[PDB]
Structure formats: structure tokens, C-alpha cells
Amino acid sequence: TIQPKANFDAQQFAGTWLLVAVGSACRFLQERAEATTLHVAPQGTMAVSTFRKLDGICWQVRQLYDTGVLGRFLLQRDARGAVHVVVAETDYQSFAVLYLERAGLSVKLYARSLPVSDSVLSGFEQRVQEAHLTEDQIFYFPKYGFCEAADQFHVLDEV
């Protein structure tokens, strides 16, 4: 249903993205968010490191995003559902809207820098409303306290 950006360029999408907000009917998110950063490299044509804290300690998660459209990716785990990631809208240079669909969906807003513009923000809220999510269900992530690195004992490597 959600289309990826037409002609999605993995090369320009590379680098560091800051998690701004997530739209979601996730039970977890509605019941302390952490500053979250994504580090993206194409591997073939995407390797994805998330850095964020858990109980005051920085972790690096390594994942892989590879099915044959462009902004559509397969994430695999343990007995989890597979996740489809769609890079729906981005300008490569300031913002990005990613959709993650397990079974029955979250919409994430990332930026290259903060603050995000009014127009990027409105557009995201519009998508969230169109994913049948309410403004209640938009959770904004912190703007400080990012993890610049995780040591070798605090890498969760799913690759």
C-alpha cells in the first residue's frame, strides 16, 4: 500500500539520521524514550546501526535492511515477525519518513539535523493520520543524550 520513494538512492541515504518521532499503536510506547541515531551504509544495495542507551549505557544495534524494489527492505530475529521497511519520502539531506510493517505498523520520522521544519513535521503528522493513527499515538524522541559510540560489549549484532 505504501510506495517507496521513486528512484530511491541508497548512496545519498547513507550516513547519520536522528530519530525524531514515531507514529504507532505499539503497546510499549503508550504505557522513557532514548535519543536514537541511525547510521546507514549501503552493502550491495543497507547496513544499519542504531545507537541508543538502555539504563544509562550506550548500545549499538547492527541490522541489515534487500528485497528487489528500492525503498522496500526486509528486516529479519528469534521468534519475531519479519519487518518490512519502506523509505516512503525523503530528500536525502534533511528528513526521511520510514514505514515499518510487521503484521496488521509504525511510521518513523528521521532528520539530519534538528529542528525539523514546520512543513516536514506537518507532512509526517498527515501520514500518521493516514495510517489510522491519532496524534495521541505520536511519540517524540529526545534531542540530546545521543550515543556517540558503544563499546564492544554493548554491540547487539543481528548480522
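Numbering starts at 1 and runs along the sequence shown.
- In the deposited sequence, the stretch from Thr45 to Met46 hides 1 to 3 residues that have no coordinates.
- When the mean C-alpha temperature factors of 16-24 and 140-148 are read from the deposited coordinates, 140-148 comes out higher.
- Taking only CA atoms, the mean B-factor in the PDB entry is higher for 46-54 than for the other of 90-98 and 46-54.
- If you compare the C-alpha temperature factors of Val107, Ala41, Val120, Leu114 in the entry, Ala41 comes out highest.
- In the deposited entry, the Cα temperature factor of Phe124 places it in the lowest third of its chain's modelled residues.
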